[PDB]
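Residue-level listing of the chains:
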Amino acid sequence: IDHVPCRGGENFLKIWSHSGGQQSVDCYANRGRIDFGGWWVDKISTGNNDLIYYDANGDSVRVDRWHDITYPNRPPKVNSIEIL
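Residues numbered from 1 in each chain as written, not as in the entry; some residues may be left out. Heavy atoms only, no water.

Visitor: Where do I start with the pattern of salt bridges in this structure?
Guide: What the rule picks out here adds up to one salt bridge. Across the pair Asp 64 and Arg 65 runs a salt bridge, and its minimum N-O distance is 3.6 Å. On the accessibility criterion, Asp 64 (29% relative accessible area) is partly exposed. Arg 65 gets classed as partly exposed once you look at its relative accessible area, which sits at 37%. (Salt bridge = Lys/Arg side-chain N within 4 Å of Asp/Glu carboxyl O. Buried < 20%, exposed > 50% of the residue type's maximum accessible area, 1.4 Å probe, protein only.)

Visitor: Honestly, the pairing of strand β2 (residues 23–28) in this entry has me stumped. Any pointers?
Guide: Moving residue by residue along a regular strand, the side chains alternate between the two faces of the sheet. As paired elements, strand β1 (residues 13–18) and β2 share six bridges and run antiparallel to each other. Residue pairing in the sheet places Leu 13 in a bridge with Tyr 28 of β2. Connecting the antiparallel pair β1 and β2 is a turn made up of four residues, with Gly 20 showing a positive phi of about 40°. (Pairing = 2+ DSSP bridges. Helix = DSSP H or I, 4+ residues; strand = E, 2+ residues; numbered from the N terminus.)

Visitor: Quick question: what am I supposed to make of the state of the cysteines here?
Guide: Two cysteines form a disulfide when their sulfur atoms are joined by a covalent bond. If you walk through the whole model with that rule in mind, you get one disulfide. A disulfide bridge connects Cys 6 with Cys 27, and the sulfur atoms are separated by 2.5 Å. Residue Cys 6 is located in the segment before β1, and its partner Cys 27 is located in strand β2; the two are separated by 21 residues in the primary sequence. Residue class for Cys 6 comes out buried when judged on its relative accessible area of 18%. With relative accessibility at 10%, the residue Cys 27 sits in the buried group. (Disulfide = S-S within 2.5 Å.)

Visitor: Where do I start with the nonpolar core in this structure?
Guide: A general tendency of soluble globular proteins is for nonpolar side chains to be buried together. Among the nonpolar cores identified, the biggest contains 16 residues, and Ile 15, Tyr 28, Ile 44, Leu 51, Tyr 53, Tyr 71 and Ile 81 are the most heavily contacted of them. If you list the elements that add at least two residues to this core, you get β1 and β3 (41–45). For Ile 15, the contacting residues outside a window of four places in its chain are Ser 24, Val 25, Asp 26, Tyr 28, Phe 36, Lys 43, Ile 44, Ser 45, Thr 46, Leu 51 and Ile 81. (Core = buried A, V, L, I, M, F, W, Y, C linked by side-chain atoms within 4.5 Å. Contact = heavy atoms within 4.5 Å.)

Visitor: Would you explain the sheet that holds β2 in this entry?
Guide: Strands in a sheet are paired, the pairing made by backbone hydrogen bonds, and the direction either parallel or antiparallel. The strand order across the open sheet formed by four strands is β2-β1-β3-β6, and the pairing between neighbours is antiparallel. At either end of the open sheet lies a strand with only one pairing partner, and these are β2 and β6 (68–69).

Visitor: I would appreciate a short explanation of the pairing of strand β4 (residues 52–55) in the present structure.
Guide: Where β4 lies against strand β5 (residues 59–62), four bridges are found, and the strand directions are antiparallel. Note on β5: the bridge partner recorded for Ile 52 is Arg 62. Counting the residues that bridge the hairpin from β4 to β5 gives three residues, and of these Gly 58 lies at a positive phi of roughly 50°.

Visitor: Explain the packing of aromatic side chains to me, please; I cannot follow it from the model alone.
Guide: The geometry of two aromatic rings is summed up by the distance between their centres and the angle between their planes. Taken as a whole and assessed by the stated rule, the structure comprises one aromatic pair. With 5.6 Å between their ring centres and 80° between their planes, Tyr 53 and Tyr 71 make a pair best called edge-to-face. Here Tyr 53 is found in strand β4, whereas its partner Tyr 71 is found in the segment after β6, with 18 residues between them in sequence. For the pair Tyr 53 and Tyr 71, a shared accessibility class is recorded, and that class is buried. (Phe/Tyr/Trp six-rings, centres within 6.5 Å; stacked < 30°, edge-to-face > 60°.)

Below, the structure written as structure tokens:
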């Protein structure tokens, strides 16, 4: 993974994490696993990496880049990410 404020809104990795304070999309870069906090989801924009985020079910949600998924119903509680 890496730290990057999205690529202008059309690349890099962007994830919508909602918890504690309020909703907020985190944006990193490359592939790898990065602890999320055990509760930080609301949508995901993996448009450049096969991202895997262990949702509340430790459900390694491995999206294969170029994919926007969320958790407005499923178990909302990503324990961490892991793009590969």
